[PDB]
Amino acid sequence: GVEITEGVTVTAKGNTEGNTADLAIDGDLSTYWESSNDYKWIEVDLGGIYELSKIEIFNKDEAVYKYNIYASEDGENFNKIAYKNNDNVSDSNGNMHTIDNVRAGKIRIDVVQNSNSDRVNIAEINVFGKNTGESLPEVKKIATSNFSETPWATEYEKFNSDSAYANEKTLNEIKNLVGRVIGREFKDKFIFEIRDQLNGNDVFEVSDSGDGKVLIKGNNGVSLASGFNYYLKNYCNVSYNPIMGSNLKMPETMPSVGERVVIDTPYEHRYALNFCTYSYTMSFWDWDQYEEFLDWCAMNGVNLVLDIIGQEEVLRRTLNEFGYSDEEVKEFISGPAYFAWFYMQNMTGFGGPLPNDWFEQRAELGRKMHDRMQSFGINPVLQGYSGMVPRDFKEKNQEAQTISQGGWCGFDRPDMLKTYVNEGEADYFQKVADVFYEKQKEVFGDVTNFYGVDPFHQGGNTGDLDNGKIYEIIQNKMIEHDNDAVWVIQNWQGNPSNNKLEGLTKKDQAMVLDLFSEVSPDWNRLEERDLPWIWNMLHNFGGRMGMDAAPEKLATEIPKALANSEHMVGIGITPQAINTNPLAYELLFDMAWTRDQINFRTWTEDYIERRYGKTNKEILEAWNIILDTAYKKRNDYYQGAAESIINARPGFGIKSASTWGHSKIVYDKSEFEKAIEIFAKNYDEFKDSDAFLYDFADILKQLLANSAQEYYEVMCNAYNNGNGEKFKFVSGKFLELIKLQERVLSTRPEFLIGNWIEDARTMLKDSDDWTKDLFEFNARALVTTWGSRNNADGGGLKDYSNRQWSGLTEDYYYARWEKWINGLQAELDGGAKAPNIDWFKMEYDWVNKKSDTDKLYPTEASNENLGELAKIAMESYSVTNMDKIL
């Protein structure tokens, strides 16, 4: 005691009709709050700060509920104070939770599971404790600085206006990059010089200084970084890729250049990133990871990079002028793992709300990025505005005209303002657009001429409006705010249609990304309309893993495209994640620096030598086998790497793990196994190359995915033939195969689910338990169910971002197969028919577990020996030995 029976109030962010929040605290067990959306929590204010001793919870029925309870004494920080994760049914006695005398003015109760429904409920909640006689403080309003008032503005302007200062900054930064990439002791081995463009093209030079130093010139920072990279790769046998394995072992003495080299690129732009990349890869990155990424960008010639960092603050300021409180803005914006689909106008809300201190921190990170990009000569692509507004925009602005955009994968898309209206009507597109571009400037300053926005992406609705006219007016509005604007536009699945693209009256002030040029190029219709366009390798969908690359097409189609066009202004990468197949990315960026087709085989021979720090005939043999199998040219349409059956919801007739995926392996499996035999034979000699280990894990996990598919077919045959004993034996081998795969995956830091989760939980400074748990939810959901039931199932997103990852394989993929197998076994053995499994409910149970109360996944890779694991795989879980094995 004592029960807090006066002054208690409650809020929620959704409820089913009649089942309002206040019904959780009305003293009546027959009335309840019940959730209507993904906000499955309520917030109770106690009318003062109490030292809490007990919290009692009643539900409306006898289902099994799981929930987490949080408390705040300062009004800002909600820390976790109790939870129920046991499988006990609720009953008429309620659940009583002992609280260790925690001070609290407000509590949050998040009900993350109801065994009986997707909706959750609370019939009553009682809180017991001792009044402190104190009151919560007022919560400080969100406040950020204007760019113009920060030291960032001073520096940005000083760089702009003082050549000498700017040159010194660029040259010092490139020296810093050498230090970060190969070590501080190499900084004094290079001399860097700015030069002019060659014939209007970016250019670098590499030569000997005369006293044993390396003289590298370039027209800007990116060119200088590319020259540094060229020297490493061609003279030092060194290869940098901070995400996908490097060989950074330098020679004992700096090798001589010999004949001076001058190398230019005919491309104005070399472009990087997909909106999706910001979610499947970068969601939880800190500055250190961004810095490393930008160094790798500059070294690979990249000078145009999609940038959404801190855009939440831009949108907050914009909507604040159109009747939205900061709380309402936070409900509209997604969580940290969903910004890709938030900014592509596909979804709102989900994974949020973001913490109040998000906005300042992210605006600061964005400013820091623009400072580094400015030093290098990298253009960010910031945001264009095309009419995106929340669905209640007219409620708050009654003269606005809007077009409902309908649904995307079960989410509600935001509305779109009518891009033009009749004489006599208010034009909110003009009004909001003017505020948006002005607020973007207040937050970041004038950092670029490139802006990206993509109305009608993967659906939406043009209403009564003329397609060309919509594009004309959006383009005109962008140009009004930046006379030198270039509207960067994604070309995907025929959006924007020719009639839309013909609306762009200023063709030189648009630039279309041909998104998927290495599989389904679609630049002819751009070229024919005289639109500047960029040739892009997409390659990676969802972060889905496997050996997959198109090196022959990259070595040939790119210079062919250049030879056969007048408006190809660049090449680039548009991957949905940067986690796989380093060969593809290195080759793509190498193709910027030639006008000629090259030989992709000899290119690979040189590539693997610098990647491993050594080579021999057998390693070269194994890579020729990879080029002839997994990396062999394909002429069909497919999205990402062939999917592992291990990662699919269990069932019969499986042909993909994700809706738009494919599991068909188009090469000979036993032939591919030979590459693994060759790597095992050479393991001891190459184990001191981390990049060799990286590649060996990739090909080995590919072998096991490949053989798992064959064992799956045999297992399904055994069930269909009513052979219980054979099914037990074969399904048994299938599960053991997954266990071996888990040992393979354990060997790489890049494969640990624990790193992804820990990054999410630690990405901000000083965040409360509430925010950590919510960010962990974002991390777990994105790689599994993606959204909730109507998104995963009816919406098609289940396992879209499936990862061949350690921890995730044991507790999620393995657990699904085991469950399906056991049900089939029980039936074959004479038991009841195998039950339907509700996959989403089982999957979601995993999504909602927390690292601090359930299981903490490790952040350290194992010492398993990939050579020995490969021998076990060849001997006991292979396609080659399958007849012998089964």
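Note that residue numbering follows the sequence shown and begins at 1.
In this entry, the higher average B-factor at the C-alpha atoms falls on 154 to 162, of the pair 543 to 551 and 154 to 162. Annotation for 771 to 779 versus 465 to 473: the higher mean temperature factor (C-alpha) is found in 465 to 473. Across the options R816, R103, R803, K439, the residue with the most elevated CA B-factor in the record is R103. Annotation for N201, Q383, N491, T277: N201 ranks highest, by Cα B-factor. The PDB entry assigns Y50 a C-alpha temperature factor belonging to the highest third of its chain's modelled residues.
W341 sits in the lowest third of its chain by CA B factor, as recorded in the PDB entry. Per-chain ranking of the deposited C-alpha B factor places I872 in the middle third. In this PDB entry, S851 carries a Cα temperature factor that places it within the lowest third of its chain's modelled residues. The entry lists a Cα temperature factor for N865 that places it in the lowest third of the chain's modelled residues.
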